[PDB]
Amino acid sequence: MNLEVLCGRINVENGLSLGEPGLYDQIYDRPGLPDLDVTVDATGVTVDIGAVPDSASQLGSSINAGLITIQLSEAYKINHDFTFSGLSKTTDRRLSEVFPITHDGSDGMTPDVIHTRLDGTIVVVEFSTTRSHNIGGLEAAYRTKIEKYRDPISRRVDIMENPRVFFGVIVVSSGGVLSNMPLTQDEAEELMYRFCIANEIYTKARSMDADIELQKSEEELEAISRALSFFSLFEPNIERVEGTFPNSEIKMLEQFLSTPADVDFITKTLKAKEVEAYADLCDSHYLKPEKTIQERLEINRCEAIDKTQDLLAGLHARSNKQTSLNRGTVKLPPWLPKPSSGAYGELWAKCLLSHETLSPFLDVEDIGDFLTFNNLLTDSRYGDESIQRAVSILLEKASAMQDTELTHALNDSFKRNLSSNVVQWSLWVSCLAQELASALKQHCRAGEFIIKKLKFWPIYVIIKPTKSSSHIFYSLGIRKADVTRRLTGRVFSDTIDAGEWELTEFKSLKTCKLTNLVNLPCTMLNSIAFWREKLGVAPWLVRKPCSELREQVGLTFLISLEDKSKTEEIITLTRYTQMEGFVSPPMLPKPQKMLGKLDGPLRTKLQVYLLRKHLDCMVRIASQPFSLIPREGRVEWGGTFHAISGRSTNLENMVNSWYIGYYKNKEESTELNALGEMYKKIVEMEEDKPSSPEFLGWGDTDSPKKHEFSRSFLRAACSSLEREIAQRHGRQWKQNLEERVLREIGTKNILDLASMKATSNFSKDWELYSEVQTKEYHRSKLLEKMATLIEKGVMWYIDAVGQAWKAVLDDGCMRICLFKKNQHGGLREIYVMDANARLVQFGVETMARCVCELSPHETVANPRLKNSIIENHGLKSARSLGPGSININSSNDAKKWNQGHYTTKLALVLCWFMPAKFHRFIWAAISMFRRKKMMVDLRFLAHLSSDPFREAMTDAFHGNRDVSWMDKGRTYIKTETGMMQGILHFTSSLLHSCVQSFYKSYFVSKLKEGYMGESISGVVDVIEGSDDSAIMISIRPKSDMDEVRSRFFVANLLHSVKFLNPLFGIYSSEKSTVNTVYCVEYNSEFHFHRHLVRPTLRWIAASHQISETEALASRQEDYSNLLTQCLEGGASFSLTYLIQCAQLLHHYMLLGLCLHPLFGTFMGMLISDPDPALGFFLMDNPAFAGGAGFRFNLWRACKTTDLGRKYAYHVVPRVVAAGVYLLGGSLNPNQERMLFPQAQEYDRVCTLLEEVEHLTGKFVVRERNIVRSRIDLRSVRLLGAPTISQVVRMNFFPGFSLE
Ligand SMILES: [Mg+2]
């Protein structure tokens, strides 16, 4: 290459400059590494490098073949020298000659390249290297190299007249190249290729002489010698293991490594599991004898009608067959007063002074119209009364730091959503649910009634708590003359009448549904402000509800008031029904596969409505797909529609329709229904153990039997990943690995163990039920298990293991406990281990995380990749195919990941990537999992002692019918199979990559031989994390009629994955689209060829969590962090502000806005002093509304107002009761620099935003495609079309240009 043209790319204007850091990743495919013969002698290093095999990529021409030498004086820096040989115009020009001398000590320092231009501009070029695989080091070395010369260069140039100097740095590794100097990609790829062969030789010769590494650390050396003496003196009694834990025999491992793989048995099976597939495509897609594409969609249409009628019938046969019912979906009455400031009649007067399932035909027409015409969004009159005036006061004060026109234009829109009536209704509910939750735990005198009058409103309550503290009974009454308006619907509860009063019927409410009634008024203002932007209206206009909006704010109001699972489930299951329809011609959409998961017993008048609307979406899709329209160079899809209420919309409007019931929680709800379910999902495949340990690691099979695998494959899918590691990194990857592990286990201290981690107090004592009762459990933390350890003289982690392994072998189990939150799907179960077992399991993680971290696909240890595989597939395919090449991908799933994996094959698949000293250890840390014992709640055991699977448990108890997973009398549940969730998180993801690299090498060898004997041309990519995956195949067909035969051929390859999986022990699911064209979907982000769609509504709903923190002003660093999550999810700068004002209303309502009798004081107090840590809410700036964090806002208020001078020196109750109980006139630029470190940078921002303070713009349309793009200032990524003045102008509202 050349070094002068490269310097001729950069242009500096005046003063000093650095540029912008840019990263090039390894994208293009390199060739094989050349033969290396290295011989170190007394004279020096003798090197022999052969001739690299040729590539069509044309890399490796730079390195020249032959024999050379390096002097032993310069062997310690071979890596820095061999790589940059060409750019090494070694002239050794000092800085004292070309620059002034100001006595800064840098005069002697000589950069590696100095280039002087004719005009006078100078470029300062550097060169560096790194050996780490973490992209933190690639930035660390760059930043320290910057600091190496930042100060003296400035000190010298400030004296200079007519100044122009640039600092240019390069950092190269085999991971990625980070540079601030523009290059072509190829010129970074060759740098990486050369670094490979440099480091390989440095390692090879490093072994012979110890003085070469004339460095390292005096302390680091101690750690390696500390953690090397353990793995040679540790000794677990083998013959005592094989007797205790059922299937652990050290002979099985010594036969896995040594015996080779049976190739005469592999090539036969792949030929029988193939013709299975091709004889199943033609049977279920109607390909024989021959039929036009128009006739086949007519056979498919009539098969989808049969299956749905046999489902509706069987659900009718067992049901109290009726066609009428008087009920209400909203158990609360419709009332709407004006905020101010028959034994039931006598009962009120006194204190004043089933189990059957409905039928799928029920005449649900009440609900069918409340969605079209409803009185929910008509502005009620009294938008100026007590409660709304008390909020207008606390919004002006916080918004005084800015006073521009954007603010008065966005605070007069929010004050228009707070006045509609669906919010004015929701404010007197969410105040009632703060009384019921308050007096939930209180005193009971048999026959007690408590009376309470709601403030702000003329409504009365009557509580009556029971001893269960899991129920409560109320009833409300009003004067019948104050009820002015009502909410105009027939889905409501019917109120008893009195001549002068109106009452209700003493209903009852649980106590898990009270965190959901308090977050009501805040999740409405977010659902009005999200669906008025997607449709097209603007915040500063007025309109009429366009009747595509009544249904979405109407439907959200119903699912969130009937709080049940199994009704928020027939919606989220509409995602795999509609996602079929993107499927390509040689196949047909088949959404009938979702029957099953759709046969449950209905129990309301809503789940009947959502079920009939869902089936007619299955019939319409099965009859025609979403059609393709390739107008521009881009592609578009036509015919999309909403699911529930048939409509027509675009993509983003559909993709967000899924995710209508999502919401998160962490409260660990307890109810006998929920807990009884978890134990059902744990013991499912326990009675299906094969009971003949010959196919669990000893031999081969063809037809596995639901827990088994074939060993001859696990050797052929491990040794196919090992090649792909040996080429990206250099050969001899093993020793270097051994170093990383040892230093990592050695230096781990006992003073830094993750505390606050819960553990389990389960032992022999808690084993018989009768004798242990009325005796609470109360599991404890981990901080106290570090106590008794330091009290015996142990400060290094690797010394507390030896006592922790014997404390298990003398017991015989794991002693686990259980814990479960309530959020309707996600990660709802948590498995807690005792303390003697977290120590033996900490070791097998650092041993197994350092091997994932050097793999190309796997995306859970190296997070950077998730993005860079699917975007960099276009370019890599274009280069070796030439434009005009199609894309045919898929996206998969696994059904039972845990509960389905034997715990061998996770110990055999790891012991292959290990250096033969640890084999005795890990094979003994695993095989601790083949006998477990899990607790069962006590309240669960009580009710059971005195229909499906519950009549089996109480049967297994009491000494009746024998079962294997439980025992008689004892309080626990045995098990002998399967990993658990979150315990073996990292070794199990390593077994996924050993598989996916078996396909990527199986498909590639199949494309190489065509069907007639030709050869297709293609490019195969694979990516996969813990459970998901994807595959992407691109081809280039020469002529027509070969585009038709080469697309039928691929369709099988992606289809036959379903049959080849059970040979490794993985079971494919029925939620895995197959053979889509131009669209893929990896984790939750859908890539529609050129448009990236990301579901926003998921992050808007999970934006106001009950803040469980002690000191105020530590809440606001959460609140202001659940905000930058949404903005990166794709949301305007004008909406992200209207989501902020809703956090405010939530905040002050926790300090007691409508619960406490004295709030004028705490309201009149904060107006005088506005500091946080007393309870003031610092608001953002209208534009740039979620970019800069909390600091920026604390600093933009630190230099304007009173804060300056002062700075010159249940769950709902205890969040409130801790809340209200705790209640020179400037700064010199030297102390501010101490406090706010970048206070010199913020002003580069604060001066730009004061240019756009006025509301003026137009309407445009541009580029119709979106792309993730990185912004730097803190770093935040904003979704936008392909600076700060440009982003702030485009992202204020879609289709609008500010200023
Ligand atoms: Mg998936």
# chains A, B, ... in the order shown; residues from 1 in each chain; ligands from 1
>>> closest_atom_pairs(of="chain A", to="ligand 1", cutoff="12 Å", atoms="only C-alpha atoms and all ligand atoms", output="JSON lines")
{"residue": "A:575", "atom": "CA", "partner": "ligand 1", "partner_atom_place_in_ligand_line": "1 (Mg)", "distance": 11.9}
{"residue": "A:576", "atom": "CA", "partner": "ligand 1", "partner_atom_place_in_ligand_line": "1 (Mg)", "distance": 10.7}
{"residue": "A:579", "atom": "CA", "partner": "ligand 1", "partner_atom_place_in_ligand_line": "1 (Mg)", "distance": 11.9}
{"residue": "A:890", "atom": "CA", "partner": "ligand 1", "partner_atom_place_in_ligand_line": "1 (Mg)", "distance": 9.1}
{"residue": "A:891", "atom": "CA", "partner": "ligand 1", "partner_atom_place_in_ligand_line": "1 (Mg)", "distance": 5.3}
{"residue": "A:892", "atom": "CA", "partner": "ligand 1", "partner_atom_place_in_ligand_line": "1 (Mg)", "distance": 4.9}
{"residue": "A:893", "atom": "CA", "partner": "ligand 1", "partner_atom_place_in_ligand_line": "1 (Mg)", "distance": 5.3}
{"residue": "A:894", "atom": "CA", "partner": "ligand 1", "partner_atom_place_in_ligand_line": "1 (Mg)", "distance": 8.8}
{"residue": "A:895", "atom": "CA", "partner": "ligand 1", "partner_atom_place_in_ligand_line": "1 (Mg)", "distance": 11.1}
{"residue": "A:1023", "atom": "CA", "partner": "ligand 1", "partner_atom_place_in_ligand_line": "1 (Mg)", "distance": 11.1}
{"residue": "A:1024", "atom": "CA", "partner": "ligand 1", "partner_atom_place_in_ligand_line": "1 (Mg)", "distance": 9.4}
{"residue": "A:1025", "atom": "CA", "partner": "ligand 1", "partner_atom_place_in_ligand_line": "1 (Mg)", "distance": 10.0}
{"residue": "A:1026", "atom": "CA", "partner": "ligand 1", "partner_atom_place_in_ligand_line": "1 (Mg)", "distance": 10.7}
{"residue": "A:1027", "atom": "CA", "partner": "ligand 1", "partner_atom_place_in_ligand_line": "1 (Mg)", "distance": 7.9}
{"residue": "A:1028", "atom": "CA", "partner": "ligand 1", "partner_atom_place_in_ligand_line": "1 (Mg)", "distance": 4.7}
{"residue": "A:1029", "atom": "CA", "partner": "ligand 1", "partner_atom_place_in_ligand_line": "1 (Mg)", "distance": 6.0}
{"residue": "A:1030", "atom": "CA", "partner": "ligand 1", "partner_atom_place_in_ligand_line": "1 (Mg)", "distance": 7.3}
{"residue": "A:1031", "atom": "CA", "partner": "ligand 1", "partner_atom_place_in_ligand_line": "1 (Mg)", "distance": 10.8}
{"residue": "A:1068", "atom": "CA", "partner": "ligand 1", "partner_atom_place_in_ligand_line": "1 (Mg)", "distance": 11.2}
{"residue": "A:1069", "atom": "CA", "partner": "ligand 1", "partner_atom_place_in_ligand_line": "1 (Mg)", "distance": 10.1}
{"residue": "A:1070", "atom": "CA", "partner": "ligand 1", "partner_atom_place_in_ligand_line": "1 (Mg)", "distance": 11.0}
{"residue": "A:1071", "atom": "CA", "partner": "ligand 1", "partner_atom_place_in_ligand_line": "1 (Mg)", "distance": 7.9}
{"residue": "A:1072", "atom": "CA", "partner": "ligand 1", "partner_atom_place_in_ligand_line": "1 (Mg)", "distance": 6.7}
{"residue": "A:1073", "atom": "CA", "partner": "ligand 1", "partner_atom_place_in_ligand_line": "1 (Mg)", "distance": 8.5}
{"residue": "A:1074", "atom": "CA", "partner": "ligand 1", "partner_atom_place_in_ligand_line": "1 (Mg)", "distance": 10.9}
{"residue": "A:1080", "atom": "CA", "partner": "ligand 1", "partner_atom_place_in_ligand_line": "1 (Mg)", "distance": 9.3}
{"residue": "A:1081", "atom": "CA", "partner": "ligand 1", "partner_atom_place_in_ligand_line": "1 (Mg)", "distance": 6.6}
{"residue": "A:1082", "atom": "CA", "partner": "ligand 1", "partner_atom_place_in_ligand_line": "1 (Mg)", "distance": 5.5}
{"residue": "A:1083", "atom": "CA", "partner": "ligand 1", "partner_atom_place_in_ligand_line": "1 (Mg)", "distance": 6.0}
{"residue": "A:1084", "atom": "CA", "partner": "ligand 1", "partner_atom_place_in_ligand_line": "1 (Mg)", "distance": 7.8}
{"residue": "A:1085", "atom": "CA", "partner": "ligand 1", "partner_atom_place_in_ligand_line": "1 (Mg)", "distance": 10.0}
{"residue": "A:1086", "atom": "CA", "partner": "ligand 1", "partner_atom_place_in_ligand_line": "1 (Mg)", "distance": 10.3}
>>> residues_around(residues="segment 795-803 of chain A", least_positions_apart="4", cutoff="6 Å", atoms="only C-alpha atoms", output="PyMOL selection string")
chain A and resi 748-750
>>> write_last_selection(atoms="N, CA and C atoms", output="PDB file, in the first residue's frame")
ATOM      1  N   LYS A 748      -9.761 -13.540  41.976  1.00  0.00           N
ATOM      2  CA  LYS A 748     -11.101 -13.223  42.453  1.00  0.00           C
ATOM      3  C   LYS A 748     -11.116 -13.218  43.971  1.00  0.00           C
ATOM      4  N   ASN A 749     -11.474 -12.086  44.554  1.00  0.00           N
ATOM      5  CA  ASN A 749     -11.465 -11.925  45.997  1.00  0.00           C
ATOM      6  C   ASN A 749     -12.783 -12.403  46.587  1.00  0.00           C
ATOM      7  N   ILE A 750     -12.780 -12.665  47.899  1.00  0.00           N
ATOM      8  CA  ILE A 750     -14.028 -12.982  48.587  1.00  0.00           C
ATOM      9  C   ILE A 750     -14.764 -11.746  49.059  1.00  0.00           C
TER      10      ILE A 750
END
>>> closest_residue(among="A:382, A:530, A:474, A:972", to="residue 764 of chain A", atoms="only C-alpha atoms")
A:972
>>> residues_around(residues="segment 185-195 of chain A", least_positions_apart="2", cutoff="8 Å", atoms="only C-alpha atoms", output="VMD selection string")
chain A and resid 24 26 28 30 59 to 60 63 79 82 to 84 172 to 174 176 to 177 183 197 to 199
>>> write_last_selection(atoms="N, CA, C and O atoms", output="short mmCIF file (atom, residue, chain, number, x, y, z; two decimals), in the first residue's frame")
data_model
loop_
_atom_site.label_atom_id
_atom_site.label_comp_id
_atom_site.auth_asym_id
_atom_site.auth_seq_id
_atom_site.Cartn_x
_atom_site.Cartn_y
_atom_site.Cartn_z
N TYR A 24 -14.11 -0.72 11.99
CA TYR A 24 -14.25 -1.65 10.88
C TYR A 24 -14.20 -3.04 11.51
O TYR A 24 -13.29 -3.35 12.28
N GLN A 26 -14.42 -7.40 11.06
CA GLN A 26 -14.01 -8.43 10.11
C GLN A 26 -15.23 -8.93 9.35
O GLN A 26 -16.08 -9.62 9.91
N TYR A 28 -15.19 -9.48 5.36
CA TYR A 28 -14.81 -10.30 4.22
C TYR A 28 -14.14 -11.59 4.68
O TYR A 28 -13.57 -11.64 5.77
N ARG A 30 -11.35 -14.34 4.77
CA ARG A 30 -9.92 -14.57 4.54
C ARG A 30 -9.62 -16.01 4.17
O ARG A 30 -10.46 -16.90 4.32
N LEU A 59 -6.54 -11.51 -1.08
CA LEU A 59 -5.82 -11.04 0.09
C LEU A 59 -4.54 -11.84 0.26
O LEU A 59 -4.38 -12.95 -0.27
N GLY A 60 -3.61 -11.27 1.02
CA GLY A 60 -2.36 -11.94 1.32
C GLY A 60 -1.25 -11.72 0.32
O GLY A 60 -0.18 -12.32 0.47
N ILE A 63 2.10 -9.95 2.16
CA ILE A 63 3.13 -10.75 2.80
C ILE A 63 3.90 -11.51 1.72
O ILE A 63 3.32 -12.03 0.76
N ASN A 79 5.31 -7.98 17.32
CA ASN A 79 3.95 -7.72 16.85
C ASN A 79 3.80 -6.30 16.35
O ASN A 79 3.08 -6.05 15.37
N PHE A 82 6.11 -6.33 12.64
CA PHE A 82 5.80 -7.12 11.45
C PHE A 82 4.57 -6.60 10.74
O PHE A 82 4.48 -6.66 9.50
N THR A 83 3.59 -6.08 11.48
CA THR A 83 2.32 -5.70 10.87
C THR A 83 2.47 -4.48 9.98
O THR A 83 2.07 -4.50 8.81
N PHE A 84 3.08 -3.42 10.50
CA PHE A 84 3.16 -2.13 9.82
C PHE A 84 4.40 -2.00 8.96
O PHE A 84 4.94 -0.90 8.85
N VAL A 172 -5.25 -1.88 15.68
CA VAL A 172 -5.57 -3.07 14.91
C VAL A 172 -5.50 -4.29 15.82
O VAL A 172 -4.55 -4.42 16.60
N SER A 173 -6.50 -5.15 15.72
CA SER A 173 -6.49 -6.48 16.32
C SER A 173 -7.14 -7.44 15.34
O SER A 173 -7.55 -7.05 14.25
N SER A 174 -7.21 -8.72 15.72
CA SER A 174 -7.93 -9.67 14.89
C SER A 174 -9.43 -9.62 15.19
O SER A 174 -10.22 -10.34 14.57
N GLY A 176 -11.24 -6.25 15.63
CA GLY A 176 -11.70 -5.13 14.83
C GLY A 176 -10.68 -4.01 14.80
O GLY A 176 -9.84 -3.89 15.69
N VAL A 177 -10.78 -3.17 13.77
CA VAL A 177 -9.84 -2.07 13.55
C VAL A 177 -10.54 -0.76 13.87
O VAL A 177 -11.54 -0.42 13.24
N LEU A 183 -10.26 4.95 5.66
CA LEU A 183 -9.65 3.88 4.89
C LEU A 183 -10.73 3.21 4.06
O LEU A 183 -11.92 3.34 4.34
N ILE A 197 -0.69 -13.40 11.65
CA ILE A 197 0.55 -14.16 11.50
C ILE A 197 1.66 -13.56 12.34
O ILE A 197 2.63 -14.23 12.68
N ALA A 198 1.54 -12.28 12.69
CA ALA A 198 2.52 -11.72 13.62
C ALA A 198 2.37 -12.33 15.01
O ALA A 198 3.35 -12.81 15.61
N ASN A 199 1.14 -12.35 15.54
CA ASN A 199 0.95 -12.83 16.90
C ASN A 199 1.17 -14.33 17.01
O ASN A 199 1.64 -14.82 18.05
#
>>> closest_residue(among="A:317, A:835, A:881, A:909", to="residue 722 of chain A", atoms="only C-alpha atoms")
A:909
>>> atom_distance(atom1="atom CA of residue 1194 of chain A", atom2="atom CA of residue 417 of chain A")
28.7 Å
>>> residues_around(residues="segment 990-993 of chain A", least_positions_apart="4", cutoff="7 Å", atoms="only C-alpha atoms", output="ChimeraX atom specification")
/A:852,858,986,997
>>> select_by_dssp(residues="segment 496-705 of chain A", states="strand (DSSP E or B)", output="list in words")
residues 496, 497, 502, 503, 508, 583, 627, 628, 629, 636, 637 and 638 of chain A
>>> residues_around(residues="residue 1110 of chain A", least_positions_apart="4", cutoff="9 Å", atoms="only C-alpha atoms", output="short mmCIF file (atom, residue, chain, number, x, y, z; two decimals) with N, CA, C and O atoms, in the first residue's frame")
data_model
loop_
_atom_site.label_atom_id
_atom_site.label_comp_id
_atom_site.auth_asym_id
_atom_site.auth_seq_id
_atom_site.Cartn_x
_atom_site.Cartn_y
_atom_site.Cartn_z
N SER A 1114 -33.14 9.70 44.34
CA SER A 1114 -32.69 8.46 43.74
C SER A 1114 -33.81 7.77 42.99
O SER A 1114 -33.54 6.81 42.25
N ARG A 1115 -35.05 8.20 43.18
CA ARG A 1115 -36.13 7.78 42.30
C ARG A 1115 -35.95 8.39 40.92
O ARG A 1115 -36.14 7.71 39.91
N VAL A 1215 -44.21 2.55 50.14
CA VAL A 1215 -43.61 3.53 49.23
C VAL A 1215 -44.12 4.93 49.57
O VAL A 1215 -43.44 5.93 49.34
N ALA A 1218 -42.81 5.74 53.66
CA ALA A 1218 -41.43 6.19 53.65
C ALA A 1218 -41.29 7.50 52.90
O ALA A 1218 -40.26 8.18 53.00
N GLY A 1219 -42.32 7.89 52.15
CA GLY A 1219 -42.19 9.04 51.28
C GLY A 1219 -42.45 10.35 51.98
O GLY A 1219 -41.63 11.27 51.91
#
>>> closest_residue(among="A:506, A:1119, A:1190, A:1088", to="residue 655 of chain A", atoms="only C-alpha atoms")
A:1088
>>> atom_distance(atom1="atom CA of residue 1166 of chain A", atom2="atom CA of residue 1197 of chain A")
15.3 Å
>>> select_by_dssp(residues="segment 1035-1276 of chain A", states="helix (DSSP H, G or I)", output="PyMOL selection string")
chain A and resi 1045-1053+1057-1063+1097-1101+1116-1119+1124-1128+1135-1138+1140-1148+1160-1166+1190-1196+1203-1206+1212-1221+1229-1235+1242-1249
>>> residues_around(residues="segment 133-135 of chain A", least_positions_apart="3", cutoff="8 Å", atoms="only C-alpha atoms", output="number ranges by chain")
A: 138-139, 175, 853-854
>>> residues_around(residues="residue 14 of chain A", least_positions_apart="2", cutoff="8 Å", atoms="only C-alpha atoms", output="PyMOL selection string")
chain A and resi 12+16+162-165
>>> closest_residue(among="A:729, A:150, A:273, A:77", to="residue 18 of chain A", atoms="only C-alpha atoms")
A:150
>>> decode(residues="segment 321-377 of chain A", atoms="C-alpha atoms", output="JSON list (two decimals), in the first residue's frame")
[["chain", "number", "residue", "atom", "x", "y", "z"],
["A", 321, "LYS", "CA", -76.06, -24.56, 26.53],
["A", 322, "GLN", "CA", -77.75, -21.16, 26.74],
["A", 323, "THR", "CA", -77.87, -18.04, 24.60],
["A", 324, "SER", "CA", -78.37, -15.21, 27.10],
["A", 325, "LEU", "CA", -76.69, -13.90, 30.23],
["A", 326, "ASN", "CA", -77.02, -10.79, 32.39],
["A", 327, "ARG", "CA", -73.54, -9.72, 33.45],
["A", 328, "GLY", "CA", -71.07, -6.86, 33.30],
["A", 329, "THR", "CA", -67.49, -6.73, 32.12],
["A", 330, "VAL", "CA", -66.62, -3.61, 34.12],
["A", 331, "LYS", "CA", -67.56, -4.32, 37.73],
["A", 332, "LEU", "CA", -67.68, -0.63, 38.64],
["A", 333, "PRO", "CA", -70.55, 1.80, 38.16],
["A", 334, "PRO", "CA", -70.53, 4.66, 35.66],
["A", 335, "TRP", "CA", -70.62, 8.02, 37.45],
["A", 336, "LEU", "CA", -69.07, 11.39, 36.90],
["A", 337, "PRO", "CA", -69.71, 13.99, 39.60],
["A", 338, "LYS", "CA", -68.34, 17.54, 39.57],
["A", 339, "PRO", "CA", -65.31, 17.78, 41.87],
["A", 340, "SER", "CA", -66.31, 19.93, 44.82],
["A", 341, "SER", "CA", -63.45, 20.85, 47.19],
["A", 342, "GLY", "CA", -84.01, -5.37, 51.08],
["A", 343, "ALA", "CA", -81.69, -5.07, 54.07],
["A", 344, "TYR", "CA", -79.26, -2.91, 52.08],
["A", 345, "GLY", "CA", -81.37, 0.22, 52.46],
["A", 346, "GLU", "CA", -81.49, -0.09, 56.24],
["A", 347, "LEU", "CA", -77.88, -1.25, 56.41],
["A", 348, "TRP", "CA", -76.76, 1.92, 54.68],
["A", 349, "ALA", "CA", -79.28, 3.96, 56.66],
["A", 350, "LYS", "CA", -78.04, 2.53, 59.95],
["A", 351, "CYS", "CA", -74.39, 3.55, 59.64],
["A", 352, "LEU", "CA", -75.35, 6.93, 58.16],
["A", 353, "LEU", "CA", -76.69, 8.41, 61.43],
["A", 354, "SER", "CA", -71.89, -21.52, 38.55],
["A", 355, "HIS", "CA", -68.41, -23.01, 38.11],
["A", 356, "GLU", "CA", -69.52, -23.85, 34.57],
["A", 357, "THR", "CA", -68.22, -22.79, 31.17],
["A", 358, "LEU", "CA", -70.09, -20.77, 28.57],
["A", 359, "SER", "CA", -70.83, -21.69, 24.97],
["A", 360, "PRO", "CA", -69.14, -20.14, 21.91],
["A", 361, "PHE", "CA", -72.56, -18.91, 20.72],
["A", 362, "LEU", "CA", -73.78, -16.32, 23.21],
["A", 363, "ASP", "CA", -75.01, -13.16, 21.43],
["A", 364, "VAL", "CA", -72.23, -10.78, 22.44],
["A", 365, "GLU", "CA", -73.53, -7.66, 20.73],
["A", 366, "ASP", "CA", -73.25, -5.30, 23.67],
["A", 367, "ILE", "CA", -69.47, -5.35, 23.33],
["A", 368, "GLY", "CA", -69.56, -5.29, 19.56],
["A", 369, "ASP", "CA", -70.79, -1.70, 19.45],
["A", 370, "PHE", "CA", -69.18, -0.14, 22.52],
["A", 371, "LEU", "CA", -66.06, -0.29, 20.37],
["A", 372, "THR", "CA", -67.54, 1.81, 17.56],
["A", 373, "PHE", "CA", -69.64, 4.47, 19.25],
["A", 374, "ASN", "CA", -68.58, 5.33, 22.77],
["A", 375, "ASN", "CA", -68.52, 8.49, 24.84],
["A", 376, "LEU", "CA", -64.91, 8.28, 25.94],
["A", 377, "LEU", "CA", -63.04, 11.16, 24.32]]
